[PDB]
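Please read the structure below before turning to the comments.
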Amino acid sequence: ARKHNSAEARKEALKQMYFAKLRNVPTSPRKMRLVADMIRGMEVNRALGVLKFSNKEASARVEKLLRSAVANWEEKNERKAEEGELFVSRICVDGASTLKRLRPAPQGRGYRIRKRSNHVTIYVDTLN
Amino acid sequence: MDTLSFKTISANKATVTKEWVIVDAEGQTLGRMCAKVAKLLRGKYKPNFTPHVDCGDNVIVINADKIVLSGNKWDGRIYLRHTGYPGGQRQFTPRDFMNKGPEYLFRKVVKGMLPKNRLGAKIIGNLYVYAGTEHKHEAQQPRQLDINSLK
Amino acid sequence: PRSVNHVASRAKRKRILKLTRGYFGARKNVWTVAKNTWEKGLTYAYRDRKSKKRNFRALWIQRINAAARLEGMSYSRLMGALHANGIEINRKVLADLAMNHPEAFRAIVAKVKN
Amino acid sequence: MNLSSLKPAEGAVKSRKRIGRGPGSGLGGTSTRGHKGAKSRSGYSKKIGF
Amino acid sequence: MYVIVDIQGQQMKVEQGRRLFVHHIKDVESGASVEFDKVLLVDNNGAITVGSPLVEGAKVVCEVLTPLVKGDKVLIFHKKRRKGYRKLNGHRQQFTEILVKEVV
RNA sequence: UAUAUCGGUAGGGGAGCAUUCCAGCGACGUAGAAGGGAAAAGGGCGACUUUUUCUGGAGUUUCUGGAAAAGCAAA
RNA sequence: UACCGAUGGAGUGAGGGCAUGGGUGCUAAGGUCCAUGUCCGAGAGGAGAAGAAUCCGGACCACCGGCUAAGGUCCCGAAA
RNA sequence: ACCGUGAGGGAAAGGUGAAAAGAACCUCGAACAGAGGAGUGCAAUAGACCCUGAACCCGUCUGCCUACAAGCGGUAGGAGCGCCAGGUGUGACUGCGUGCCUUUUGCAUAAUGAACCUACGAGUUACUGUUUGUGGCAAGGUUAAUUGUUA
Ligand SMILES: [K+]
Ligand SMILES: [K+]
Ligand SMILES: [K+]
Ligand SMILES: [K+]
Ligand SMILES: [K+]
Ligand SMILES: [K+]
Ligand SMILES: [K+]
Ligand SMILES: [K+]
Ligand SMILES: [Mg+2]
Ligand SMILES: [Mg+2]
Ligand SMILES: [Mg+2]
Ligand SMILES: [Mg+2]
Ligand SMILES: [Mg+2]
Ligand SMILES: [Mg+2]
Ligand SMILES: [Mg+2]
Ligand SMILES: [Mg+2]
Ligand SMILES: [Mg+2]
Ligand SMILES: [Mg+2]
Ligand SMILES: [Mg+2]
Ligand SMILES: [Mg+2]
Ligand SMILES: [Mg+2]
Ligand SMILES: [Mg+2]
Ligand SMILES: [Mg+2]
Ligand SMILES: [Mg+2]
Ligand SMILES: [Mg+2]
Ligand SMILES: [Mg+2]
Ligand SMILES: [Mg+2]
Ligand SMILES: [Mg+2]
Ligand SMILES: [Mg+2]
Ligand SMILES: [Mg+2]
Ligand SMILES: [Mg+2]
Ligand SMILES: [Mg+2]
Ligand SMILES: [Mg+2]
Ligand SMILES: [Mg+2]
Ligand SMILES: [Mg+2]
Ligand SMILES: [Mg+2]
Ligand SMILES: [Mg+2]
Ligand SMILES: [Mg+2]
Ligand SMILES: [Mg+2]
Ligand SMILES: [Mg+2]
Ligand SMILES: [Mg+2]
Ligand code: NA
Ligand code: NA
Ligand code: NA
């Protein structure tokens with residue numbers, strides 16, 4: 001019964017969090033983290049505009065992740081969000097599994113190429 | 001557990017007893033006066049002296065242009081410095097310092113007798129040096145200290 | 001039989017690494033670097049346990065010197081007079097009286113002021 | 001005594017000497033061999049009558 | 001009123017009801033009574049008595065609370081670099097806890 | 001009980017801790033084993049040892065004796 | 001206070017500085033070869049600004065007690 | 001598998017759950033790309049690379065400190081601030097301090113060696129001598145190969 005009780009406690013706790021996750025995005029965690037630091041702490045509609053018009057490639061996926069998080073908030077609160085009500089309360093970028101590749105170099109040498117992936121997590125909340 | 005139960009107390013910023021004192025340099029030798037001034041700034045005349053706290057007095061020196069240098073040291077003592085460029089060593093004298101102003105000579109001497117750290121860099125800022133007898137430090141009521149009384 | 005002490009071998013390192021918390025950079029957690037740093041610190045601690053006694057005696061002497069000069073004497077003259085009169089109060093107690101009980105320090109000085 | 005409290009006579013069994021296992025034992029590092037030369041090497045043997 | 005008294009080779013400033021830690025006293029039990037002569041100075045709230053051959057007729061009476069208290073563990077490390085010599089030991093100083101009951 | 005002694009490289013001597021398995025004797029475990037995280041306490045001294053809690057979800061351990069694939073910081 | 005017998009286990013057999021007596025060298029060398037002591041080697045602590053063997057001194061552990069050594073007592077820096 | 005003309009050399013790679021009950025259906029999104037739910041299940045932070053899930057390495061949040069300061073990064077003192085009843089985090093400021101190993105007469109050495117972590121890695125066994133601790137018998141001590149019974 002121990003693990004059942006622990007799981008029930010965690011399941012009750014998750015009901016008050018409003019978040020979305022992107023897992024195994026096949027792109028550089030550092031370059032993704034630049035975008036994350038740009039939009040951390042910002043009101044959601046301005047963040048959507050910023051991500052739509054940003055000059056980084058990763059902003060396109062961050063925008064859809066943010067839309068998913070807002071939808072999760074709307075479903076868990078059983079109402080539509082108003083104007084300027086929600087803001088990006090948490091965002092993080094972690095590194096994920098790396099694909100290893102080999103690239104030929106002069107004089108018969110071979111060098112390793114790393115194709116990196118990341119995870120992104122976004123929590124939204126109200127500006128209370 | 002703390003098993004000492006009889007400890008030596010360190011003074012701190014709240015419990016230090018700093019005072020403003022005025023000393024006269026009418027006929028004193030430069031190094032001999034500056035050694036005692038350095039003791040005053042450091043706080044070695046305080047029973048609650050604490051080496052890691054600024055616990056000494058604020059010293060106002062008056063009649064600083066009447067300080068005395070014995071021998072031929074007014075022009076014969078050669079101070080050397082370097083600009084950091086090749087061929088960049090420069091010479092100067094206590095006379096050059098005093099012409100620039102008494103406070104520059106006094107600061108140059110007292111630094112050198114102060115500790116060489118952050119505390120000494122702060123402590124040197126508690127020294128005020130004036131050529132005449134006219135200084136504006138009212139509302140602090142500096143007490144007059146006879147420099148010859150200190151040994 | 002085959003014996004590999006995996007858990008004990010790892011536990012030794014973990015116990016020592018709990019002691020290197022607070023160090024700078026790799027010196028807190030990288031193990032060869034951390035274990036190197038911790039032993040040099042232990043040699044320092046052995047030396048500094050000896051040096052602490054000298055430091056505190058010097059501090060007491062400086063405070064006694066200042067209080068004696070306030071009373072009119074110097075440290076060397078005051079201590080010579082106390083030793084001649086046979087007063088056995090040590091420098092720690094004398095410095096404590098000088099800092100915190102000036103009347104008691106004054107009475108002590110007045111005892112040997114003759 | 002039974003099988004649960006067996007005890008050899010005092011001083012009858014002694015632990016073996018184990019070298020090359022750290023500084024506190026007094027037998028690590030060069031492991032009782034000194035520093036260099038023929039006698040320090042693996043496979044050294046004394047030529048009898050030499 | 002406070003006094004300066006030598007307890008176990010250490011000079012302490014004591015008052016009534018002060019709960020000292022002193023160097024270990026052997027062969028005592030909790031609640032036992034211990035007297036301490038060798039008073040060097042008596043401050044009777046304004047009047048100061050200084051004793052060169054001790055202050056005559058003064059003492060401090062104490063009660064043992066804890067006959068054995070161990071201090072914090074200290075690591076004792078010896079090492080000589082490039083020589084292989086290294087050793088590490090533990091030390092705990094032993095104390096007795098006393099309470100001052102009367103000051104004479 | 002006193003006195004004396006207790007810096008150490010090569011190196012000699014003494015006494016111990018942990019690890020895997022075995023015999024005998026005791027024990028523990030789904031009302032929570034081992035392992036992993038955190039915290040506290042202990043040891044002439046130390047190698048190390050206990051205890052509390054979270055994770056974990058099935059095995060573990062005390063003492064006496066026995067046997068070793070019996071301990072890493074640099075090759 | 002541990003010198004010899006007999007037995008079990010060794011390591012070492014590249015030494016170095018200083019003082020003294022010498023050879024060699026140029027009465028050169030932080031040179032080299034012997035002798036007699038000593039220290040570093042294998043030795044921490046104090047003074048000398050900082051120094052393997054110069055001056056003082058041989059570290060069982062702890063102490064926020066005291067006396068001294070060499071060397072010091074105007075300030076950095078303990079004490080006239 | 002891969003490498004080599006060939007003879008030949010020669011890897012890495014185990015674990016969902018008791019049972020597939022292996023997630024109907026909803027939401028964001030072009031898309032399961034991925035996730036949030038619902039449902040199954042003791043448990044899904046057991047969701048297919050699936051038991052446990054350490055280090056190095058990489059992040060986010062909270063507390064404290066930090067833009068006049070200079071050397072192996074610690075160690076011994078010591079305010080202020082912050083948490084939870086004498087504990088715990090940080091550390092203004094002060095004293096002292098040229099890593100470690102190896103090789104050397106002598107190494108901070110500008111001599112050697114290591115990117116880091118986890119895992120792996122080096123006085124073992126047999127026989128025959130010898131000395132010794134502890135034992136059994138004792139003017140004697142001891143069986144080897146092998147044989148019998150039940151095993
Ligand atoms: K070694
Ligand atoms: K096991
Ligand atoms: K020689
Ligand atoms: K599972
Ligand atoms: K299972
Ligand atoms: K993990
Ligand atoms: K520091
Ligand atoms: K080289
Ligand atoms: Mg890519
Ligand atoms: Mg673009
Ligand atoms: Mg080619
Ligand atoms: Mg001393
Ligand atoms: Mg040895
Ligand atoms: Mg040899
Ligand atoms: Mg070697
Ligand atoms: Mg050799
Ligand atoms: Mg070979
Ligand atoms: Mg000794
Ligand atoms: Mg020894
Ligand atoms: Mg549990
Ligand atoms: Mg092994
Ligand atoms: Mg290992
Ligand atoms: Mg030879
Ligand atoms: Mg030779
Ligand atoms: Mg020579
Ligand atoms: Mg050698
Ligand atoms: Mg010697
Ligand atoms: Mg003296
Ligand atoms: Mg001084
Ligand atoms: Mg696609
Ligand atoms: Mg889990
Ligand atoms: Mg798992
Ligand atoms: Mg400046
Ligand atoms: Mg600043
Ligand atoms: Mg050489
Ligand atoms: Mg050196
Ligand atoms: Mg070489
Ligand atoms: Mg290298
Ligand atoms: Mg190196
Ligand atoms: Mg290494
Ligand atoms: Mg390695
Ligand atoms: Na031994
Ligand atoms: Na799903
Ligand atoms: Na390398």
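So you can find residues: chains in the structure tokens are A, B, ... in the order shown, residues in each start at 1, and ligands are numbered from 1 in order.
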
Mind listing the residues within 8 Å of ligand 43, only C-alpha atoms (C1' of nucleotides) and all ligand atoms counted, as a ChimeraX atom specification? /H:23,32,35

Ligand 29: which residues are within 10 Å, counting only C-alpha atoms (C1' of nucleotides) and all ligand atoms, as a list in words?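 So the residues close to ligand 29 are residues 39 and 44 of chain B; 58, 61, 62 and 65 of chain C; 73, 74, 75, 76, 77, 78 and 79 of chain G.
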
For the selection you just gave me, I'd like the residues written to a file as a PDB file, in the first residue's frame, keeping C-alpha atoms (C1' of nucleotides).
ATOM      1  CA  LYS B  39      48.905  53.680  16.036  1.00  0.00           C
ATOM      2  CA  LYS B  44      46.385  50.254  19.374  1.00  0.00           C
TER       3      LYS B  44
ATOM      4  CA  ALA C  58      49.383  38.424  21.341  1.00  0.00           C
ATOM      5  CA  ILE C  61      49.104  41.523  25.411  1.00  0.00           C
ATOM      6  CA  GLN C  62      48.003  44.292  23.041  1.00  0.00           C
ATOM      7  CA  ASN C  65      49.267  47.410  26.756  1.00  0.00           C
TER       8      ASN C  65
ATOM      9  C1'   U G  73      61.256  45.714  22.106  1.00  0.00           C
ATOM     10  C1'   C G  74      59.159  53.460  16.661  1.00  0.00           C
ATOM     11  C1'   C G  75      55.071  51.560  12.787  1.00  0.00           C
ATOM     12  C1'   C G  76      53.975  47.333   9.119  1.00  0.00           C
ATOM     13  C1'   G G  77      55.064  43.274  13.596  1.00  0.00           C
ATOM     14  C1'   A G  78      54.868  40.713  19.890  1.00  0.00           C
ATOM     15  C1'   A G  79      57.705  43.546  23.511  1.00  0.00           C
TER      16        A G  79
END

Please find the residues contacting ligand 26 at a distance of at most 9 Å between atoms, with only C-alpha atoms (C1' of nucleotides) and all ligand atoms counted, and report them as a VMD selection string. (chain F and resid 9 to 10) or (chain G and resid 15 41 to 42) or (chain H and resid 104 to 105)

Which of these, D:20, D:28, D:34, D:11, has the shortest distance to chain E once you count only C-alpha atoms? D:28

Neighbours of ligand 7 within 9 Å, counting only C-alpha atoms (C1' of nucleotides) and all ligand atoms, as JSON, numbers by chain? {"H": [73, 74, 75]}

Please write the residues from the selection above to a file, keeping C-alpha atoms (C1' of nucleotides), as a PDB file, in the first residue's frame.
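Okay, this is what ended up in out_22.pdb:
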ATOM      1  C1'   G H  73      41.744  28.382  -3.170  1.00  0.00           C
ATOM      2  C1'   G H  74      42.301  25.841   2.094  1.00  0.00           C
ATOM      3  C1'   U H  75      42.877  26.448   7.277  1.00  0.00           C
TER       4        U H  75
END
